[PDB]
Each structure stands twice: as structure tokens, then as C-alpha cells.
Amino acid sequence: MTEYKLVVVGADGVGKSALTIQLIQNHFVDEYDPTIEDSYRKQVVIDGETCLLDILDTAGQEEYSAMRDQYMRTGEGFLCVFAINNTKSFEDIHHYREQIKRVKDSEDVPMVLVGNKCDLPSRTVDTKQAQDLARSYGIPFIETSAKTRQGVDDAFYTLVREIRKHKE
């Protein structure tokens, strides 16, 4: 079994908890306390490899310290999540990427950009806009629905594929 330390980052309300809880418990949670940050572990097979996924679902206040720095740099891959009906969450992605790059002290950090809530009609962030920022950073882009589970497995597996590429 290969262990893979994944961190899900992004604004409040984008569905970081819904996405984690779908992969790991296979149900959609309408309300999950927005304050609650936790690690979830799941044994899964990805491309024939048995993996233990250790997923930090981030929450809480914007609050930089040496110990939050340490905690974040143990992530091997980051799922940078925005909601397709939340322009501000999309504009925040650069920030999250910059904090990842800083605590990793590196410009090549395994990462997937995730456009969540693709089930919703009110979309303010176009696929094309997201695709453009992805190709810019050199990372995969995937649209997801924690609600229907569209793209959820693919999102997390794609990240794992990214971690493999990075360590050949």
C-alpha cells in the first residue's frame, strides 16, 4: 500500500467537505459544520495500485503560523477547489497556490484545480476561464459535483497521478 497525503483547499462554501465526504463515505451531506477541519483516510485502488489516501479537508479562519505551515507542507498534493457559481472563490485560487508553493518551497507541487457544483445552473465561472488558469499553472482541471458525485473520484485520482509523475 502506497500512502498519499492530499490537502483540499479553497474558500468556505465551495464544497471541500462535501467532496471529501463523497469520496470517503459515498453520500452527499447538505450541511457539514463549516468550522471543522479533519483528516480522513481511505484505502482505494487507482490504476491497479492499492493506495491509502490521507485527505485533510481544510476549514477555520485565515490564520498563518509555523505549525499551520508544517501541517500544510506534509501534503504531497493539493486539490484547489472553487465553485462555478462563486467568482470570488475562483479569484482566491492564486492565493492558495502561492501559500502551497511557499510552505513547499517549490514551484512544482502536485495540484489539481477543481470547479465544484457543476450540477448548478447559475454558473458565473466558465469552463474556458478555469481551463485557461489550469494550462497556465501546468495542472489538470476537473469539474465536479459533490452532489451527483460527477468527477469526484477522477478529481482525487488525477491528483494521485500528479504525485506519481512528480516522484517518477
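Numbering starts at 1 and runs along the sequence shown.
Taking the PDB entry as given, 65-73 carries the higher mean Cα B factor of the two stretches 65-73 and 96-104.
The PDB entry records a higher mean C-alpha B factor for 29-37 than for its counterpart among 136-144 and 29-37. Annotation for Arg123: C-alpha temperature factor in the highest third relative to the rest of the modelled chain, per the entry. Annotation for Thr58: C-alpha temperature factor in the middle third relative to the rest of the modelled chain, per the entry. Among all modelled residues in its chain, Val112 ranks in the lowest third by Cα B-factor.
When the modelled residues of the chain are ordered by their C-alpha B factor, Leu6 lands in the lowest third.
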